[PDB]
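What follows is a single chain, given as structure tokens, in the form deposited in one PDB entry.
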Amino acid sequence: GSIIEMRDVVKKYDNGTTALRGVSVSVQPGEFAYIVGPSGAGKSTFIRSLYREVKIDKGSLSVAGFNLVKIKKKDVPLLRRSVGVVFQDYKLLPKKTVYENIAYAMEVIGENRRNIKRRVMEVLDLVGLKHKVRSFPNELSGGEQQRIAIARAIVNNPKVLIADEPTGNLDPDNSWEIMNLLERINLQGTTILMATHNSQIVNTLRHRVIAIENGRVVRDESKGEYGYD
């Protein structure tokens, strides 16, 4: 079945503003989708709802098998275990080695010695930074920081990866590197939802395009174009 199912989802903030006005999106496993649209359209409310940070007021929403309306807050961490989140403002722990930044998310859930150092070296190979396993974050470039952040978000192998403007703070070439890493992640099966306003990326790296405008899905196309300024 669908890994993300959103039907007639309404999100009203307490100040009367309605960020989502009955949005319906169906995402199969392994899909790679861009979330585009003018600012204030509700892109980030859309994605924030996908890991239960935002609670919807009306409609149905299920992510990775979890009914997000009925999920108990005590279970949201279990939801996050299947739903990794990458941010614009990549922020690693500064007094921790690259290895420790990645290993923390596995130590939390109590993974044993064996799987931790194996899994950390694996994801370090994926992001191509195993040669900096013992470096701290600020000897790392910006693009390298976002790559380690992405490694952290996928260390527990989540089924879904929500990326809010992953390249928003990176120059063109480092953004291509982030997109290539996201692509290889997607090819391994991870469903990737990427909110973005980089039209070059969207138009060269053709994937599904979900365009939101004034809280409503205005466009949902295979290998679509960016379609904005």
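Numbering starts at 1 and follows the sequence shown. For clarity, a rigid core is taken as the largest C-alpha set superposing within 1.5 Å between two forms.
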Notebook entry, point to check: Should the higher mean CA B-factor in the entry be assigned to 9-17 or to 210-218?
Noted result: 9-17
Notebook entry, point to check: Going by the B-factors listed in the PDB entry, is the mean over the C-alpha atoms higher for 153-161 or for 67-75?
Noted result: 67-75
Check: Hey, out of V85, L92, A103, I109, whose CA B-factor is highest in the deposited coordinates?
Finding: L92
Note to self: I'd like to know which of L170, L50, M194, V27 has the highest C-alpha temperature factor in the PDB entry.
What the structure shows: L170
Next item on the list: Would you mind checking where the Cα B-factor of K43 ranks among the modelled residues of its chain, as the lowest, middle or highest third?
Entry: middle
Margin query: Quick check for you: using the entry's CA B-factors within this chain, is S141 in the lowest, middle or highest third?
Written below: middle
Notebook entry, point to check: So where's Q200 on the chain's Cα temperature factor ranking, which third?
Noted result: highest
Check: By the record's CA B-factor, is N174 among the lowest, middle or highest third of residues in the chain?
Finding: highest
Notebook entry, point to check: Taking the entry's C-alpha B-factors for this chain, is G59 in the lowest, middle or highest third?
Noted result: middle
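Omitted here: the form deposited in another entry. The next part is about that form.
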Item checked: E107 C-alpha shift between this form and the one not shown of 2 Å or more, rigid core reference -> yes
Notebook entry, point to check: Superposing on the rigid core, do we see a C-alpha displacement of 2 Å or more at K95 between this form and the one not shown?
Noted result: yes
Notebook entry, point to check: By 3 Å or more, the Cα spacing of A163 and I109 differs in the other form; is it closer or farther than in this view?
Noted result: farther
Margin query: Just to spell it out: taking the C-alpha atom of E107 and the C-alpha atom of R81, is that distance smaller or larger in the other form than in the structure shown here, given it changes by 3 Å or more?
Written below: closer
